[PDB]
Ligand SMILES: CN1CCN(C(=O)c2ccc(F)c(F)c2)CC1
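The form deposited without this ligand is given below as one chain in structure tokens.
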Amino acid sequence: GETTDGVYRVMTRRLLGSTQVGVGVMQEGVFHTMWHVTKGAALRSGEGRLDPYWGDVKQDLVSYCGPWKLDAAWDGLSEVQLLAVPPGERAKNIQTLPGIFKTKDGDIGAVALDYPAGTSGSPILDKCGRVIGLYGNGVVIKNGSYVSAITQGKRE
């Protein structure tokens, strides 16, 4: 149905009313979101249908209609913007400087902004407007607060 480039809300009618379970990015005719949002289930865009194409539970990513297209990366220095799309609230750009997730396989960016679980899949942007990853998969620190990773896929 609607395949215009932009940020989108992922909704469901299975629960009470209309519940927002996540967010995604439409870029180059492919819808990108986090695996824990849809669980690999088919999405609907008005009358049109979006079927999964690629997915991975460890990476926590999933693409619809085609392969993963987002391939920009955080430069390890600059401030970034989380285009937060919270449930029931308007889309909003929040600027921050990312921290680091030090792992056994390497270092990853991390945004320390706390948002509802329905905000999962909201894109993180560089000064050019490029999508450097998605917000929604991270950890809970001693402060109770949420620190999410900057989760990016791979473009073949």
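Residues carry their position along the shown sequence, with the first being 1.
- The PDB entry reports B-factors from which the mean C-alpha value can be compared for 59-67 and 92-100; the larger average falls on 92-100.
- Comparing C-alpha B-factors across 41, 26, 124, 112 in the deposited entry, the largest value falls on 112.
- Among all modelled residues in its chain, residue 144 ranks in the highest third by Cα B-factor.
- When the modelled residues of the chain are ordered by their C-alpha B factor, residue 130 lands in the middle third.
Same protein, other form: the form solved in complex with this ligand, not shown, and the subject of what follows.
- Transferring this ligand from its position in the bound PDB entry by superimposing the surrounding C-alpha atoms places at least three ligand atoms within 2.4 angstroms of backbone or C-beta atoms of the displayed chain; the site is blocked.
- Of the residues given (67, 99, 29, 48), 67 alone sits with a heavy atom within 4.5 Å of this ligand in the bound PDB entry.
- Three-residue candidate spot 53, 59 and 154; every residue lies within 4.5 angstroms of this ligand in the bound PDB entry by at least one non-hydrogen atom.
- With contact defined as any non-hydrogen atom lying within 4.5 angstroms of this ligand in the bound PDB entry, the stretch 19-38 contains no contacting residue.
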